[PDB]
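Undergrad: Supplied structure: coords_18.pdb, PDB, C-alpha atoms and all ligand atoms.
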```pdb
ATOM      1  CA  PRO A   1      -9.658 -15.280   6.685  1.00  0.00           C
ATOM      2  CA  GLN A   2     -11.376 -11.876   6.442  1.00  0.00           C
ATOM      3  CA  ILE A   3      -9.069  -9.136   7.595  1.00  0.00           C
ATOM      4  CA  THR A   4     -10.516  -5.798   8.515  1.00  0.00           C
ATOM      5  CA  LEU A   5      -8.675  -2.579   7.943  1.00  0.00           C
ATOM      6  CA  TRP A   6      -9.298  -0.856  11.234  1.00  0.00           C
ATOM      7  CA  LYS A   7      -5.658  -1.681  11.940  1.00  0.00           C
ATOM      8  CA  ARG A   8      -2.644  -2.397   9.705  1.00  0.00           C
ATOM      9  CA  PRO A   9      -3.102  -5.794   8.030  1.00  0.00           C
ATOM     10  CA  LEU A  10      -0.003  -7.395   9.466  1.00  0.00           C
ATOM     11  CA  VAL A  11       0.660 -11.091   9.156  1.00  0.00           C
ATOM     12  CA  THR A  12       3.403 -13.521  10.026  1.00  0.00           C
ATOM     13  CA  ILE A  13       5.605 -14.635   7.108  1.00  0.00           C
ATOM     14  CA  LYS A  14       8.486 -17.109   6.890  1.00  0.00           C
ATOM     15  CA  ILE A  15      11.247 -16.202   4.457  1.00  0.00           C
ATOM     16  CA  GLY A  16      14.802 -17.498   4.241  1.00  0.00           C
ATOM     17  CA  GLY A  17      14.194 -19.584   7.319  1.00  0.00           C
ATOM     18  CA  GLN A  18      13.181 -16.502   9.330  1.00  0.00           C
ATOM     19  CA  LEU A  19       9.834 -15.484  10.835  1.00  0.00           C
ATOM     20  CA  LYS A  20       8.888 -11.854  10.253  1.00  0.00           C
ATOM     21  CA  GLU A  21       5.822  -9.613  10.372  1.00  0.00           C
ATOM     22  CA  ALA A  22       4.731  -8.021   7.102  1.00  0.00           C
ATOM     23  CA  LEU A  23       2.003  -5.816   5.734  1.00  0.00           C
ATOM     24  CA  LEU A  24      -0.475  -7.147   3.202  1.00  0.00           C
ATOM     25  CA  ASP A  25      -0.282  -4.262   0.731  1.00  0.00           C
ATOM     26  CA  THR A  26      -2.561  -3.931  -2.330  1.00  0.00           C
ATOM     27  CA  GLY A  27      -0.758  -0.686  -3.136  1.00  0.00           C
ATOM     28  CA  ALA A  28       2.601  -2.369  -3.711  1.00  0.00           C
ATOM     29  CA  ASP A  29       3.308  -3.970  -7.070  1.00  0.00           C
ATOM     30  CA  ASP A  30       6.152  -6.071  -5.632  1.00  0.00           C
ATOM     31  CA  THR A  31       7.159  -7.522  -2.263  1.00  0.00           C
ATOM     32  CA  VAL A  32       9.843  -5.589  -0.373  1.00  0.00           C
ATOM     33  CA  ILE A  33      11.620  -6.973   2.723  1.00  0.00           C
ATOM     34  CA  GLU A  34      14.099  -5.288   5.111  1.00  0.00           C
ATOM     35  CA  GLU A  35      17.738  -6.149   4.675  1.00  0.00           C
ATOM     36  CA  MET A  36      18.520  -9.857   5.021  1.00  0.00           C
ATOM     37  CA  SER A  37      20.544 -12.460   3.146  1.00  0.00           C
ATOM     38  CA  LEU A  38      18.805 -14.637   0.579  1.00  0.00           C
ATOM     39  CA  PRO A  39      20.365 -17.385  -1.570  1.00  0.00           C
ATOM     40  CA  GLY A  40      21.095 -17.117  -5.294  1.00  0.00           C
ATOM     41  CA  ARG A  41      21.587 -14.426  -7.839  1.00  0.00           C
ATOM     42  CA  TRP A  42      20.272 -10.915  -7.559  1.00  0.00           C
ATOM     43  CA  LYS A  43      20.292  -7.700  -9.524  1.00  0.00           C
ATOM     44  CA  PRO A  44      20.022  -4.079  -8.472  1.00  0.00           C
ATOM     45  CA  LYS A  45      16.814  -2.100  -8.805  1.00  0.00           C
ATOM     46  CA  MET A  46      15.436   1.269  -7.687  1.00  0.00           C
ATOM     47  CA  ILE A  47      11.864   1.541  -6.382  1.00  0.00           C
ATOM     48  CA  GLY A  48      10.043   4.640  -5.374  1.00  0.00           C
ATOM     49  CA  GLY A  49       7.145   5.956  -3.415  1.00  0.00           C
ATOM     50  CA  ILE A  50       6.309   8.718  -0.981  1.00  0.00           C
ATOM     51  CA  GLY A  51       9.566  10.253   0.030  1.00  0.00           C
ATOM     52  CA  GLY A  52      11.471   9.145  -3.065  1.00  0.00           C
ATOM     53  CA  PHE A  53      13.388   6.056  -4.057  1.00  0.00           C
ATOM     54  CA  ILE A  54      15.481   3.345  -2.431  1.00  0.00           C
ATOM     55  CA  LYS A  55      17.974   0.928  -3.912  1.00  0.00           C
ATOM     56  CA  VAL A  56      17.065  -2.734  -3.528  1.00  0.00           C
ATOM     57  CA  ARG A  57      18.340  -6.213  -4.489  1.00  0.00           C
ATOM     58  CA  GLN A  58      15.981  -8.161  -6.698  1.00  0.00           C
ATOM     59  CA  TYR A  59      15.922 -11.890  -5.977  1.00  0.00           C
ATOM     60  CA  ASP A  60      13.739 -14.073  -8.196  1.00  0.00           C
ATOM     61  CA  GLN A  61      12.037 -17.408  -7.454  1.00  0.00           C
ATOM     62  CA  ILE A  62      11.980 -17.019  -3.656  1.00  0.00           C
ATOM     63  CA  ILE A  63       9.539 -18.974  -1.550  1.00  0.00           C
ATOM     64  CA  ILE A  64       7.645 -17.230   1.240  1.00  0.00           C
ATOM     65  CA  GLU A  65       5.005 -18.662   3.590  1.00  0.00           C
ATOM     66  CA  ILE A  66       2.350 -15.972   4.135  1.00  0.00           C
ATOM     67  CA  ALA A  67       0.012 -16.558   7.018  1.00  0.00           C
ATOM     68  CA  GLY A  68       0.478 -20.271   6.426  1.00  0.00           C
ATOM     69  CA  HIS A  69       0.128 -20.096   2.615  1.00  0.00           C
ATOM     70  CA  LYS A  70       3.127 -20.900   0.363  1.00  0.00           C
ATOM     71  CA  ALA A  71       3.893 -18.570  -2.564  1.00  0.00           C
ATOM     72  CA  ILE A  72       6.914 -18.168  -4.842  1.00  0.00           C
ATOM     73  CA  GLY A  73       8.010 -15.064  -6.649  1.00  0.00           C
ATOM     74  CA  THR A  74      10.322 -12.060  -6.720  1.00  0.00           C
ATOM     75  CA  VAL A  75      11.385 -10.469  -3.480  1.00  0.00           C
ATOM     76  CA  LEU A  76      13.092  -7.111  -3.285  1.00  0.00           C
ATOM     77  CA  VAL A  77      15.441  -6.601  -0.379  1.00  0.00           C
ATOM     78  CA  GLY A  78      16.512  -3.177   0.906  1.00  0.00           C
ATOM     79  CA  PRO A  79      16.046  -0.362   3.418  1.00  0.00           C
ATOM     80  CA  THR A  80      12.252  -0.320   3.474  1.00  0.00           C
ATOM     81  CA  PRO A  81      10.812   0.912   6.800  1.00  0.00           C
ATOM     82  CA  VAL A  82       8.316  -1.973   6.874  1.00  0.00           C
ATOM     83  CA  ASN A  83       8.159  -5.434   5.328  1.00  0.00           C
ATOM     84  CA  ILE A  84       5.622  -5.358   2.471  1.00  0.00           C
ATOM     85  CA  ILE A  85       3.821  -8.251   0.802  1.00  0.00           C
ATOM     86  CA  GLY A  86       2.897  -6.848  -2.590  1.00  0.00           C
ATOM     87  CA  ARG A  87       0.532  -7.921  -5.322  1.00  0.00           C
ATOM     88  CA  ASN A  88       3.009 -10.280  -6.945  1.00  0.00           C
ATOM     89  CA  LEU A  89       2.586 -12.599  -3.961  1.00  0.00           C
ATOM     90  CA  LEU A  90      -0.913 -11.601  -2.810  1.00  0.00           C
ATOM     91  CA  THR A  91      -2.301 -12.990  -6.059  1.00  0.00           C
ATOM     92  CA  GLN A  92      -0.675 -16.380  -5.341  1.00  0.00           C
ATOM     93  CA  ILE A  93      -2.525 -16.795  -2.051  1.00  0.00           C
ATOM     94  CA  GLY A  94      -5.842 -15.778  -3.676  1.00  0.00           C
ATOM     95  CA  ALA A  95      -6.187 -12.480  -1.881  1.00  0.00           C
ATOM     96  CA  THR A  96      -8.971 -10.110  -2.853  1.00  0.00           C
ATOM     97  CA  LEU A  97     -10.252  -6.724  -1.733  1.00  0.00           C
ATOM     98  CA  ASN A  98     -13.992  -6.824  -1.043  1.00  0.00           C
ATOM     99  CA  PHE A  99     -16.562  -4.157  -0.390  1.00  0.00           C
TER     100      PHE A  99
ATOM    101  CA  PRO B   1     -17.064  -5.845  -5.700  1.00  0.00           C
ATOM    102  CA  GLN B   2     -14.442  -8.564  -5.343  1.00  0.00           C
ATOM    103  CA  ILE B   3     -11.191  -7.129  -6.676  1.00  0.00           C
ATOM    104  CA  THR B   4      -8.366  -9.432  -7.609  1.00  0.00           C
ATOM    105  CA  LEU B   5      -4.774  -8.161  -7.611  1.00  0.00           C
ATOM    106  CA  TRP B   6      -3.268  -9.225 -10.904  1.00  0.00           C
ATOM    107  CA  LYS B   7      -3.532  -5.522 -11.876  1.00  0.00           C
ATOM    108  CA  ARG B   8      -3.263  -2.383  -9.771  1.00  0.00           C
ATOM    109  CA  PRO B   9      -6.594  -1.813  -7.928  1.00  0.00           C
ATOM    110  CA  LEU B  10      -7.304   1.537  -9.526  1.00  0.00           C
ATOM    111  CA  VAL B  11     -10.733   3.115  -9.098  1.00  0.00           C
ATOM    112  CA  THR B  12     -12.453   6.345  -9.947  1.00  0.00           C
ATOM    113  CA  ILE B  13     -12.858   8.866  -7.124  1.00  0.00           C
ATOM    114  CA  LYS B  14     -14.801  12.093  -7.094  1.00  0.00           C
ATOM    115  CA  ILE B  15     -13.541  15.035  -5.017  1.00  0.00           C
ATOM    116  CA  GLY B  16     -14.410  18.650  -5.388  1.00  0.00           C
ATOM    117  CA  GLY B  17     -16.648  17.808  -8.333  1.00  0.00           C
ATOM    118  CA  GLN B  18     -13.765  16.292 -10.263  1.00  0.00           C
ATOM    119  CA  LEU B  19     -13.144  12.694 -11.267  1.00  0.00           C
ATOM    120  CA  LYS B  20      -9.663  11.322 -10.579  1.00  0.00           C
ATOM    121  CA  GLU B  21      -8.069   7.879 -10.505  1.00  0.00           C
ATOM    122  CA  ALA B  22      -6.771   6.472  -7.233  1.00  0.00           C
ATOM    123  CA  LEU B  23      -5.185   3.276  -5.940  1.00  0.00           C
ATOM    124  CA  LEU B  24      -6.875   1.220  -3.177  1.00  0.00           C
ATOM    125  CA  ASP B  25      -3.950   0.842  -0.826  1.00  0.00           C
ATOM    126  CA  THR B  26      -4.177  -1.371   2.212  1.00  0.00           C
ATOM    127  CA  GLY B  27      -0.564  -0.498   3.112  1.00  0.00           C
ATOM    128  CA  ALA B  28      -1.431   3.176   3.564  1.00  0.00           C
ATOM    129  CA  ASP B  29      -2.814   4.354   6.901  1.00  0.00           C
ATOM    130  CA  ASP B  30      -3.965   7.609   5.312  1.00  0.00           C
ATOM    131  CA  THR B  31      -5.366   8.892   2.003  1.00  0.00           C
ATOM    132  CA  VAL B  32      -2.875  10.953  -0.023  1.00  0.00           C
ATOM    133  CA  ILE B  33      -3.821  12.888  -3.159  1.00  0.00           C
ATOM    134  CA  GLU B  34      -1.815  15.049  -5.571  1.00  0.00           C
ATOM    135  CA  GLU B  35      -1.887  18.808  -5.323  1.00  0.00           C
ATOM    136  CA  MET B  36      -5.375  20.252  -5.659  1.00  0.00           C
ATOM    137  CA  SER B  37      -7.515  22.853  -4.040  1.00  0.00           C
ATOM    138  CA  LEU B  38      -9.746  21.829  -1.149  1.00  0.00           C
ATOM    139  CA  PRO B  39     -11.985  23.937   1.029  1.00  0.00           C
ATOM    140  CA  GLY B  40     -11.417  24.998   4.605  1.00  0.00           C
ATOM    141  CA  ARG B  41      -8.386  25.040   6.796  1.00  0.00           C
ATOM    142  CA  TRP B  42      -5.534  22.536   6.775  1.00  0.00           C
ATOM    143  CA  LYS B  43      -3.154  21.293   9.480  1.00  0.00           C
ATOM    144  CA  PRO B  44       0.441  20.107   9.115  1.00  0.00           C
ATOM    145  CA  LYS B  45       1.377  16.445   8.941  1.00  0.00           C
ATOM    146  CA  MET B  46       4.497  14.436   8.241  1.00  0.00           C
ATOM    147  CA  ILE B  47       4.167  10.982   6.638  1.00  0.00           C
ATOM    148  CA  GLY B  48       6.923   8.410   6.203  1.00  0.00           C
ATOM    149  CA  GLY B  49       6.806   6.485   2.936  1.00  0.00           C
ATOM    150  CA  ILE B  50       9.235   4.030   1.430  1.00  0.00           C
ATOM    151  CA  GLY B  51      11.806   6.725   0.626  1.00  0.00           C
ATOM    152  CA  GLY B  52      11.493   8.954   3.673  1.00  0.00           C
ATOM    153  CA  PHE B  53       9.311  11.567   5.333  1.00  0.00           C
ATOM    154  CA  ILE B  54       7.451  14.367   3.605  1.00  0.00           C
ATOM    155  CA  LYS B  55       5.214  17.249   4.634  1.00  0.00           C
ATOM    156  CA  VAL B  56       1.601  17.221   3.480  1.00  0.00           C
ATOM    157  CA  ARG B  57      -1.500  19.347   4.042  1.00  0.00           C
ATOM    158  CA  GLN B  58      -4.139  17.664   6.163  1.00  0.00           C
ATOM    159  CA  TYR B  59      -7.746  18.533   5.372  1.00  0.00           C
ATOM    160  CA  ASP B  60     -10.387  16.974   7.610  1.00  0.00           C
ATOM    161  CA  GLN B  61     -14.032  16.102   6.879  1.00  0.00           C
ATOM    162  CA  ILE B  62     -13.736  16.156   3.059  1.00  0.00           C
ATOM    163  CA  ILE B  63     -16.482  14.650   0.954  1.00  0.00           C
ATOM    164  CA  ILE B  64     -15.082  12.007  -1.423  1.00  0.00           C
ATOM    165  CA  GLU B  65     -16.703   9.299  -3.526  1.00  0.00           C
ATOM    166  CA  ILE B  66     -14.624   6.103  -3.948  1.00  0.00           C
ATOM    167  CA  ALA B  67     -15.695   3.546  -6.561  1.00  0.00           C
ATOM    168  CA  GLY B  68     -19.256   4.792  -6.099  1.00  0.00           C
ATOM    169  CA  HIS B  69     -19.228   4.690  -2.313  1.00  0.00           C
ATOM    170  CA  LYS B  70     -19.563   7.787  -0.208  1.00  0.00           C
ATOM    171  CA  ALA B  71     -16.919   8.736   2.324  1.00  0.00           C
ATOM    172  CA  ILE B  72     -16.306  11.861   4.392  1.00  0.00           C
ATOM    173  CA  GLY B  73     -12.909  12.047   6.072  1.00  0.00           C
ATOM    174  CA  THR B  74      -9.311  13.137   6.186  1.00  0.00           C
ATOM    175  CA  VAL B  75      -7.447  13.753   2.942  1.00  0.00           C
ATOM    176  CA  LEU B  76      -3.744  14.526   2.854  1.00  0.00           C
ATOM    177  CA  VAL B  77      -2.492  16.625  -0.051  1.00  0.00           C
ATOM    178  CA  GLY B  78       1.115  16.374  -1.239  1.00  0.00           C
ATOM    179  CA  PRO B  79       3.599  14.799  -3.675  1.00  0.00           C
ATOM    180  CA  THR B  80       2.729  11.157  -4.141  1.00  0.00           C
ATOM    181  CA  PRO B  81       3.461   9.002  -7.212  1.00  0.00           C
ATOM    182  CA  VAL B  82      -0.291   8.208  -7.494  1.00  0.00           C
ATOM    183  CA  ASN B  83      -3.408   9.131  -5.545  1.00  0.00           C
ATOM    184  CA  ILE B  84      -3.775   6.487  -2.762  1.00  0.00           C
ATOM    185  CA  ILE B  85      -6.915   5.592  -0.794  1.00  0.00           C
ATOM    186  CA  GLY B  86      -5.773   4.460   2.627  1.00  0.00           C
ATOM    187  CA  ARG B  87      -7.374   2.610   5.471  1.00  0.00           C
ATOM    188  CA  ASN B  88      -9.014   5.684   6.974  1.00  0.00           C
ATOM    189  CA  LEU B  89     -11.399   5.691   3.948  1.00  0.00           C
ATOM    190  CA  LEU B  90     -11.218   1.995   3.010  1.00  0.00           C
ATOM    191  CA  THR B  91     -12.893   1.324   6.377  1.00  0.00           C
ATOM    192  CA  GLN B  92     -15.664   3.842   5.563  1.00  0.00           C
ATOM    193  CA  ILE B  93     -16.535   1.976   2.330  1.00  0.00           C
ATOM    194  CA  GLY B  94     -16.456  -1.382   4.135  1.00  0.00           C
ATOM    195  CA  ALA B  95     -13.416  -2.868   2.511  1.00  0.00           C
ATOM    196  CA  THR B  96     -11.727  -6.010   3.813  1.00  0.00           C
ATOM    197  CA  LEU B  97      -8.969  -8.271   2.576  1.00  0.00           C
ATOM    198  CA  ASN B  98      -9.896 -11.904   2.040  1.00  0.00           C
ATOM    199  CA  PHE B  99      -8.071 -15.108   1.288  1.00  0.00           C
TER     200      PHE B  99
HETATM  201  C1  LIG C   1       2.824   4.809  -2.429  1.00  0.00           C
HETATM  202  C2  LIG C   1       2.321   3.496  -3.071  1.00  0.00           C
HETATM  203  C3  LIG C   1       1.902   3.724  -4.545  1.00  0.00           C
HETATM  204  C4  LIG C   1       3.463   2.440  -3.122  1.00  0.00           C
HETATM  205  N1  LIG C   1       3.894   1.958  -1.798  1.00  0.00           N
HETATM  206  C5  LIG C   1       3.076   1.042  -1.022  1.00  0.00           C
HETATM  207  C6  LIG C   1       2.271   1.826   0.051  1.00  0.00           C
HETATM  208  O1  LIG C   1       1.261   0.919   0.528  1.00  0.00           O
HETATM  209  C7  LIG C   1       3.164   2.303   1.219  1.00  0.00           C
HETATM  210  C8  LIG C   1       3.671   1.121   2.114  1.00  0.00           C
HETATM  211  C9  LIG C   1       4.467   1.692   3.277  1.00  0.00           C
HETATM  212  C10 LIG C   1       5.724   2.283   3.051  1.00  0.00           C
HETATM  213  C11 LIG C   1       6.485   2.824   4.127  1.00  0.00           C
HETATM  214  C12 LIG C   1       5.990   2.779   5.462  1.00  0.00           C
HETATM  215  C13 LIG C   1       4.736   2.188   5.671  1.00  0.00           C
HETATM  216  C14 LIG C   1       3.984   1.652   4.600  1.00  0.00           C
HETATM  217  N2  LIG C   1       2.285   3.136   2.084  1.00  0.00           N
HETATM  218  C15 LIG C   1       2.435   4.479   2.099  1.00  0.00           C
HETATM  219  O2  LIG C   1       3.216   5.116   1.450  1.00  0.00           O
HETATM  220  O3  LIG C   1       1.563   5.067   2.973  1.00  0.00           O
HETATM  221  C16 LIG C   1       1.785   6.476   3.257  1.00  0.00           C
HETATM  222  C17 LIG C   1       3.015   6.643   4.162  1.00  0.00           C
HETATM  223  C18 LIG C   1       2.516   6.640   5.627  1.00  0.00           C
HETATM  224  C19 LIG C   1       2.889   5.403   6.488  1.00  0.00           C
HETATM  225  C20 LIG C   1       1.850   4.367   6.032  1.00  0.00           C
HETATM  226  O4  LIG C   1       0.667   5.105   5.781  1.00  0.00           O
HETATM  227  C21 LIG C   1       0.959   6.524   5.578  1.00  0.00           C
HETATM  228  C22 LIG C   1       0.578   6.911   4.127  1.00  0.00           C
HETATM  229  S1  LIG C   1       5.543   1.897  -1.566  1.00  0.00           S
HETATM  230  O5  LIG C   1       6.102   3.196  -1.950  1.00  0.00           O
HETATM  231  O6  LIG C   1       5.789   1.336  -0.233  1.00  0.00           O
HETATM  232  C23 LIG C   1       6.211   0.753  -2.767  1.00  0.00           C
HETATM  233  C24 LIG C   1       6.814   1.264  -3.913  1.00  0.00           C
HETATM  234  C25 LIG C   1       7.340   0.357  -4.842  1.00  0.00           C
HETATM  235  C26 LIG C   1       7.246  -1.027  -4.588  1.00  0.00           C
HETATM  236  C27 LIG C   1       7.825  -1.976  -5.611  1.00  0.00           C
HETATM  237  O7  LIG C   1       6.794  -2.399  -6.476  1.00  0.00           O
HETATM  238  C28 LIG C   1       6.636  -1.500  -3.427  1.00  0.00           C
HETATM  239  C29 LIG C   1       6.101  -0.606  -2.485  1.00  0.00           C
HETATM  240 CL    CL C   2       6.893 -12.397  -9.093  1.00  0.00          CL
HETATM  241 CL    CL C   3      -7.711 -15.332  -9.270  1.00  0.00          CL
HETATM  242 CL    CL C   4     -10.688   9.992   8.330  1.00  0.00          CL
HETATM  243 NA    NA C   5      16.729 -16.684  -7.514  1.00  0.00          NA
HETATM  244 NA    NA C   6     -11.976  20.557   6.941  1.00  0.00          NA
END
```
Could you spell out this file's structure in structure tokens?

TA:
Amino acid sequence: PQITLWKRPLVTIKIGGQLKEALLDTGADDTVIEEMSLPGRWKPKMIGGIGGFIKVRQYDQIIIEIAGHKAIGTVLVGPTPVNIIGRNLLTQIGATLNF
Amino acid sequence: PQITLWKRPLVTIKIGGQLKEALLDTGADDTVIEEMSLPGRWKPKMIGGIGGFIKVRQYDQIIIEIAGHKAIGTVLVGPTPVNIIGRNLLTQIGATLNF
């Protein structure tokens, strides 16, 4: 699809068996999801942006379905105000910015 | 252009006669630039990023070039890790996300 930016580019994702809404975010290096359980090992990380930093759990090799497209990669889990699909997964679905 | 996302989508902007680097950020509603002088009056605004809310200075109807495209719109000035071009100006340059 071609998604315009008049509104937030929100899509449906499936992660850990759960359906969520998330933002397709070219400004995010990595994918960040609101607190949930995921299987396997994790390690702590701090990530920062406007307003400062938050502590997250870094889970590697996690599958997400993004608008119907399967991708695998790292997912950070923590107290983000919005679920964010970052570049690490946007690349896997072939997403581009065009103008 | 068609910009892939393996790297940060950094572009050159021109504001106030100065060249700066900025990030094309589809997860940002608004355009946020580091401290600089801009003409005219400003209004207060609070924005909520990943780590919390901050105060910024809102300047309306500012001339800004983005990757060679002309925009005139709202620029927020305040402490951000990098200059970010949000959807308010991404729409003016005709940007869409595609996959
Ligand atoms: C500031 C950027 C360089 C990095 N951000 C991605 C942005 O699109 C970030 C995504 C986001 C975060 C919280 C709430 C809503 C959206 N938008 C952002 O700050 O936009 C600001 C905040 C205001 C609400 C959204 O638009 C307004 C302008 S981020 O801090 O969320 C981030 C930082 C580290 C990682 C890990 O790589 C992922 C995301
Ligand atoms: Cl990854
Ligand atoms: Cl590619
Ligand atoms: Cl605007
Ligand atoms: Na894992
Ligand atoms: Na103004």

Undergrad: Output the neighbourhood of ligand NA 6 (chain C) as a PyMOL selection string, that is, all protein and nucleic acid residues with some atom at most 12 Å from the ligand, counting only C-alpha atoms and all ligand atoms.

TA: chain B and resi 38-43+57-63+72-76

Undergrad: Which neighbours of residue 95 of chain A fall inside 6 Å, counting only C-alpha atoms, when residues of the same chain fewer than 2 positions from it are skipped, and could you give them as an MDAnalysis selection string?

TA: (chainID A and resid 90:91 93) or (chainID B and resid 98:99)

Undergrad: At what distance in Å, to one decimal, does atom CA of residue 23 of chain B lie from atom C15 of ligand LIG 1 (chain C)?

TA: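 A separation of 11.1 Å between them.
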
Undergrad: Here is a test: counting all atoms listed in the file, which residue of B:65, B:26, B:6, B:92 is nearest to ligand CL 2 (chain C)?

TA: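 Between B:65, B:26, B:6, B:92, the residue approaching ligand CL 2 (chain C) most closely is B:6.
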
Undergrad: Identify all residues satisfying the PyMOL selection byres (((chain A and resi 52) around 12) and not hetatm) in the given file; provide them as a VMD selection string.

TA: (chain A and resid 46 to 51 53 to 55 80) or (chain B and resid 48 to 54 79 to 81)

Undergrad: Could you save the residues just selected, with C-alpha atoms, as a PDB file, in the frame of the given file?

TA:
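Once everything was written out, this is selection_9.pdb:
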```
ATOM      1  CA  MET A  46      15.436   1.269  -7.687  1.00  0.00           C
ATOM      2  CA  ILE A  47      11.864   1.541  -6.382  1.00  0.00           C
ATOM      3  CA  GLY A  48      10.043   4.640  -5.374  1.00  0.00           C
ATOM      4  CA  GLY A  49       7.145   5.956  -3.415  1.00  0.00           C
ATOM      5  CA  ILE A  50       6.309   8.718  -0.981  1.00  0.00           C
ATOM      6  CA  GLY A  51       9.566  10.253   0.030  1.00  0.00           C
ATOM      7  CA  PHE A  53      13.388   6.056  -4.057  1.00  0.00           C
ATOM      8  CA  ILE A  54      15.481   3.345  -2.431  1.00  0.00           C
ATOM      9  CA  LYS A  55      17.974   0.928  -3.912  1.00  0.00           C
ATOM     10  CA  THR A  80      12.252  -0.320   3.474  1.00  0.00           C
TER      11      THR A  80
ATOM     12  CA  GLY B  48       6.923   8.410   6.203  1.00  0.00           C
ATOM     13  CA  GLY B  49       6.806   6.485   2.936  1.00  0.00           C
ATOM     14  CA  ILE B  50       9.235   4.030   1.430  1.00  0.00           C
ATOM     15  CA  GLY B  51      11.806   6.725   0.626  1.00  0.00           C
ATOM     16  CA  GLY B  52      11.493   8.954   3.673  1.00  0.00           C
ATOM     17  CA  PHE B  53       9.311  11.567   5.333  1.00  0.00           C
ATOM     18  CA  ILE B  54       7.451  14.367   3.605  1.00  0.00           C
ATOM     19  CA  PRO B  79       3.599  14.799  -3.675  1.00  0.00           C
ATOM     20  CA  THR B  80       2.729  11.157  -4.141  1.00  0.00           C
ATOM     21  CA  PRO B  81       3.461   9.002  -7.212  1.00  0.00           C
TER      22      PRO B  81
END
```

Undergrad: Can you spell out as a PyMOL selection string the set of residues that the PyMOL selection byres (((chain A and resi 27-35) around 9) and not hetatm) selects in the structure I just provided?

TA: (chain A and resi 22+24-26+36-37+56+73-89) or (chain B and resi 7-9+23-28+84)

Undergrad: Starting from 5 Å padding per side, set up an axis-aligned box that covers all listed atoms of ligand LIG 1 (chain C) and hand over centre and edge lengths in Å, one decimal, as lines of an AutoDock Vina configuration file.

TA:
```
center_x = 4.2
center_y = 2.3
center_z = 0.0
size_x = 17.2
size_y = 19.3
size_z = 23.0
```

Undergrad: Using only C-alpha atoms, which of A:69, A:20, A:14, A:45 sits nearest chain B?

TA: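 Result for the nearest residue to chain B: A:69.
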
Undergrad: Residues near residue 4 of chain A, anyone? I mean within 7 Å using all atoms listed in the file, not counting same-chain ones fewer than 2 positions away, as a PDB file with C-alpha atoms, keeping the file's coordinate frame.

TA:
```pdb
ATOM      1  CA  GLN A   2     -11.376 -11.876   6.442  1.00  0.00           C
ATOM      2  CA  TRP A   6      -9.298  -0.856  11.234  1.00  0.00           C
TER       3      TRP A   6
ATOM      4  CA  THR B  96     -11.727  -6.010   3.813  1.00  0.00           C
ATOM      5  CA  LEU B  97      -8.969  -8.271   2.576  1.00  0.00           C
TER       6      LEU B  97
END
```

Undergrad: Take atom CA of residue 5 of chain B and atom CA of residue 17 of chain B and report the distance between them in Å, one decimal.

TA: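 For atom CA of residue 5 of chain B relative to atom CA of residue 17 of chain B, the distance reads 28.6 Å.
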
Undergrad: Find the residue from B:66, B:3, B:71, B:11 that sits nearest to ligand CL 3 (chain C); use all atoms listed in the file when measuring.

TA: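 Among the listed residues, B:3 lies closest to ligand CL 3 (chain C).
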
Undergrad: Could you give me segment 27-38 of chain B completed to N, CA and C atoms, formatted as an mmCIF file, keeping the file's coordinate frame?

TA:
```cif
data_model
loop_
_atom_site.group_PDB
_atom_site.id
_atom_site.type_symbol
_atom_site.label_atom_id
_atom_site.label_comp_id
_atom_site.auth_asym_id
_atom_site.auth_seq_id
_atom_site.Cartn_x
_atom_site.Cartn_y
_atom_site.Cartn_z
ATOM 1 N N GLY B 27 -1.788 -0.846 2.405
ATOM 2 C CA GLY B 27 -0.564 -0.498 3.112
ATOM 3 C C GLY B 27 -0.450 0.950 3.490
ATOM 4 N N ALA B 28 -1.455 1.765 3.225
ATOM 5 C CA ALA B 28 -1.431 3.176 3.564
ATOM 6 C C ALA B 28 -2.400 3.392 4.736
ATOM 7 N N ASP B 29 -1.945 4.015 5.793
ATOM 8 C CA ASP B 29 -2.814 4.354 6.901
ATOM 9 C C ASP B 29 -3.805 5.449 6.539
ATOM 10 N N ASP B 30 -3.359 6.349 5.672
ATOM 11 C CA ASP B 30 -3.965 7.609 5.312
ATOM 12 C C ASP B 30 -4.175 7.721 3.808
ATOM 13 N N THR B 31 -5.051 8.571 3.403
ATOM 14 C CA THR B 31 -5.366 8.892 2.003
ATOM 15 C C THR B 31 -4.556 10.096 1.552
ATOM 16 N N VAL B 32 -3.797 9.944 0.460
ATOM 17 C CA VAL B 32 -2.875 10.953 -0.023
ATOM 18 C C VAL B 32 -3.164 11.241 -1.500
ATOM 19 N N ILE B 33 -3.465 12.496 -1.807
ATOM 20 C CA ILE B 33 -3.821 12.888 -3.159
ATOM 21 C C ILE B 33 -2.882 14.002 -3.611
ATOM 22 N N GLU B 34 -2.671 14.063 -4.921
ATOM 23 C CA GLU B 34 -1.815 15.049 -5.571
ATOM 24 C C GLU B 34 -2.399 16.430 -5.352
ATOM 25 N N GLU B 35 -1.516 17.412 -5.465
ATOM 26 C CA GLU B 35 -1.887 18.808 -5.323
ATOM 27 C C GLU B 35 -3.207 19.148 -5.997
ATOM 28 N N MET B 36 -4.094 19.743 -5.197
ATOM 29 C CA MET B 36 -5.375 20.252 -5.659
ATOM 30 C C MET B 36 -5.873 21.215 -4.582
ATOM 31 N N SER B 37 -6.892 21.957 -5.008
ATOM 32 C CA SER B 37 -7.515 22.853 -4.040
ATOM 33 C C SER B 37 -8.652 22.136 -3.308
ATOM 34 N N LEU B 38 -8.669 22.308 -2.005
ATOM 35 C CA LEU B 38 -9.746 21.829 -1.149
ATOM 36 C C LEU B 38 -10.196 22.952 -0.230
#
```
